[PDB]
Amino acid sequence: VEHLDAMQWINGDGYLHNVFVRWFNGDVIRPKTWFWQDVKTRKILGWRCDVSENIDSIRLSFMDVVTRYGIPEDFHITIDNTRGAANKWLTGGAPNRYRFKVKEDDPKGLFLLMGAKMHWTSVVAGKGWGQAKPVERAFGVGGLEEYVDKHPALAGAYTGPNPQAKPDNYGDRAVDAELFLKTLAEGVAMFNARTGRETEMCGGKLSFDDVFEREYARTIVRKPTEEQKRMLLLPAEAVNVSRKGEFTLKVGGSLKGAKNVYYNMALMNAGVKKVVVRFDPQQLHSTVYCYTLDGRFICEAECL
């Protein structure tokens, strides 16, 4: 067996919430979440929530993880798709996901470039490792049912594991999306903090945070560059800039239907007609990054 390190091997997993939620586009749905868990200490390092299963959540949650913690020397990514249980998450959404169109690229290809070795099973034969996911469901994504779904605040929207659950009945009962997200962030934070962890590392004494704080300090990581991060963002189809240095984006799809116009001095006087926008849905209402049709970074266009 090869020595394992904090951040050295992370396991990806999804989770369907047993809580009805009124999403940003008025739809009442059962939110789906993708987590990135540190295999060695079990701490949850990042996640992204959306109306359904889609690569964007994997892509952007990966970005949060590497941005916050850095890239280890021997980085290992696991997305156990044995039965094909990840086939839904790995399918690209329809370009009009947010009304405005996106460029068909592939995050899987981006992870490899960054230095991540991908695995589509539960073991890492080459290292002799094999428990990507923990034994006790409590330490895996299933353990998050008690901190989020069961959370008091979500008591009215909770549905339980009823496969055939009528959204129609939950119209007036749905919890506010912004509230759910807040609850989610707190749920996760508590999972990572609970003491009395029945694991080997913790030895029924420490919390996942305790062992991660300890082990992570022994690790050597590099922090991604400015560009490495932006490339992990989504590429919007070239929008034609006007002479005044502004452009519009009809934000629809799964997001709050809006019509944002971004402006940035440089854009104007600079010799540019069309620009390629690189964004993150969660910041779309605030900032976006502009690039020429050839790829050169033009500027950081703010909203108006």
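Throughout, we count residues from 1 along the sequence that is shown.
Stretch exceeding the other in mean C-alpha B-factor - 238-246, 31-39: Of 31-39 and 238-246, the stretch with the higher C-alpha B-factor average is 238-246.
Is the mean CA B factor in the deposited entry higher across 144-152 or across 204-212? Per the PDB entry, the higher value belongs to 144-152.
Per the PDB entry, which option out of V21, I10, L293, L16 has the greatest Cα B factor? Each of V21, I10, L293, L16 was compared by C-alpha B-factor; the highest is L293.
In terms of CA temperature factor as recorded, identify the highest of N162, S122, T195, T183. Largest recorded C-alpha B-factor: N162.
Of the three thirds of its chain by CA temperature factor, lowest, middle or highest, which one includes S57? CA B-factor rank for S57: lowest third.
Can you work out whether the C-alpha temperature factor of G252 puts it in the lowest, middle or highest third of the chain? Within its chain, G252 is a middle-third residue by C-alpha B-factor, going by the deposited values.
CA B-factor placement of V65, once the chain's modelled residues are sorted into thirds: Lowest third - that is where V65 ends up once the chain's C-alpha B-factors are sorted.
Lowest, middle or highest third: which one holds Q131 when the chain's residues are ordered by CA B-factor from the entry? Tercile = highest for this residue's CA B-factor.
Compared with the other modelled residues in the chain, in which third is the CA B-factor of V277? Ranked within chain, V277 CA B lands in the middle tercile.
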